[PDB]
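Chemist: Just passing along the structure, written as structure tokens.
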Amino acid sequence: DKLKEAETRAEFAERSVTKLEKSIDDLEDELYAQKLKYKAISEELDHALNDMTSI
Amino acid sequence: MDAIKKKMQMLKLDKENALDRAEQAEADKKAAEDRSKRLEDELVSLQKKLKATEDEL
């Protein structure tokens with residue numbers, strides 16, 4: 001029928017959506033983890049300089 | 001980082017130790033030199049008293 005040639009696509013986009021959603025969820029999470037690590041490193045450098053601030 | 005901070009702490013601890021030893025040595029040296037100059041004055045006074053006793057003799 002004409003149904004299947006589109007239903008084939010209808011189901012097809014389901015796995016597409018699932019892959020995209022899980023991938024983007026992982027991407028944002030790891031990106032935020034990296035941003036937090038970079039913020040930690042920058043704060044470490046600056047506040048280590050300022051905890052020194054000569055002795 | 002972290003280990004750099006440890007190195008910074010260590011490089012100041014020995015500085016404090018050296019400064020403390022320097023202060024102690026300065027105090028000891030000054031006291032010893034003051035005692036030595038006092039003994040110099042004592043020797044001069046003893047020479048003067050010897051001279052006066054020789055005059056009386």
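All residue names refer to the structure tokens as shown: chains lettered A, B, ... in order, residues numbered from 1 in each chain, ligands numbered from 1 in order.
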Near chain A, which residues of chain B fall within 8 Å when you count only C-alpha atoms, and what do they look like as a list in words?
Modeler: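 That gives residues 1, 5 and 12 of chain B for chain B.
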Chemist: How far is it from CA of residue 19 in chain B to CA of residue 54 in chain A, in Å with one decimal?
Modeler: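 CA of residue 19 in chain B sits 16.3 Å away from CA of residue 54 in chain A.
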